[PDB]
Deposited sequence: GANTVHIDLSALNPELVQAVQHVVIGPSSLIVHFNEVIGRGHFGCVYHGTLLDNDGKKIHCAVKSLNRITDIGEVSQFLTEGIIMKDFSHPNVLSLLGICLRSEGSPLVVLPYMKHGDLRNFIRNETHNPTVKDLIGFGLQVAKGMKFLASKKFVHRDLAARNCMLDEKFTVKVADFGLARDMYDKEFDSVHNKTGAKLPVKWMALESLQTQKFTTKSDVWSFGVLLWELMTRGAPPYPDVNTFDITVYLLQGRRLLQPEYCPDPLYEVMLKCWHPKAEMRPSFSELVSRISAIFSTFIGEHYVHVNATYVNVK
């Protein structure tokens, strides 16, 4: 590589070598990619853990240049997950270190991709229990992150991964439609504002991926909310769960339930179901963006 890297920041990007995986225990399949965005070239990959022992994963690579800046963010955006060790939070397997260019960020591969798409798929047959369970898992992930003073900022069904055992992992690939009033007013985000977002996530779940507030100009959703509105109760959403969304949307940020109380309340509601209520999509929501 022809970039001066040690000009980086030892104390800033300290410990990228603490979670390093020797350029051997990992294998990349540059011919099969799954990531498409303004940035983010993710290909399927296999990394042999321990000494057996093949593990399927998603490798995060970067595009040559620019200077030491893009290299700094990419790495920093990887050390963000270093300590994130919770079954409902998307973790970092490691970062492989080779030269000649791009560095690698390795994530556990997720068979079912993102939550929103999984639920929108007409061939899937979720029950109220299934959907509430996904919501309970997200809450458990958030309770973990909140314990670590980590403010997500973009909690939403599109940012949650679903793995082969159907384990939801909170992740992150302006989302004003998921934002609390006070944050729409002052672009300041807190744990209490992630709760507002969680409520909206619960709604996406109960409607099976419908877009919230389809009719409103997206621009000012604030004037809309201030009129005294909230998302309507989805057909298959149990009354008690709807009372929870209404609590997550409390006008006073501090009156909102914490993620611990949410785990408690939702787990109760979840226990009452046996899996005998199938959830269908509302005709008026189908094909809506």
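Novice: Identify which parts of the deposited sequence carry no C-alpha coordinates, going from the N-terminal end onward.
Specialist: Unobserved in coordinates, per deposited numbering: 1 to 4, 178 to 198.
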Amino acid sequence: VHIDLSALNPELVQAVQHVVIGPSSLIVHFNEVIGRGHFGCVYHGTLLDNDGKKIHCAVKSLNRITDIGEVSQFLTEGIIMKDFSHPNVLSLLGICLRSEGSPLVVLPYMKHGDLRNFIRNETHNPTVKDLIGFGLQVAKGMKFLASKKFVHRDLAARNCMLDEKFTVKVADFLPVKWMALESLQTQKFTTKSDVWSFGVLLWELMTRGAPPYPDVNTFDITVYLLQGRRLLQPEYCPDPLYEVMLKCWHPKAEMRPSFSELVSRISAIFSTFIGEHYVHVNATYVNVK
From here on, numbers count along this sequence of modelled residues.
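Novice: If you take the mean CA temperature factor per stretch, which one wins between 229 to 237 and 37 to 45?
Specialist: The stretch with the larger mean CA B-factor is 37 to 45.
Novice: Going by the mean C-alpha B-factor recorded in the entry, which is higher: 151 to 159 or 211 to 219?
Specialist: Per the deposited B-factors, the answer is 211 to 219.
Novice: Which listed residue, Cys96, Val128, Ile119, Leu90, has the largest C-alpha temperature factor in the record?
Specialist: If I rank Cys96, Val128, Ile119, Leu90 by C-alpha B-factor, first place goes to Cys96.
Novice: Compared with the other modelled residues in the chain, in which third is the CA B-factor of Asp172?
Specialist: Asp172: CA B-factor falls in the middle third of its chain.
Novice: Select lowest, middle or highest to describe the third in which the CA B-factor of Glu254 falls within its chain in this entry.
Specialist: Middle third.
Novice: Compared with the other modelled residues in the chain, in which third is the CA B-factor of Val281?
Specialist: As the PDB entry reports it, the C-alpha B-factor of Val281 lands in the middle third of its chain.
Novice: Using the temperature factors of the C-alpha atoms in this entry, rank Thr123 within its chain: lowest, middle or highest third.
Specialist: For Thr123, the deposited C-alpha B-factor lands in the middle third.
Novice: Relative to the other modelled residues of the same chain, rank the CA B-factor of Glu204 and answer lowest, middle or highest third.
Specialist: Lowest third, going by the recorded CA B-factors of the chain.
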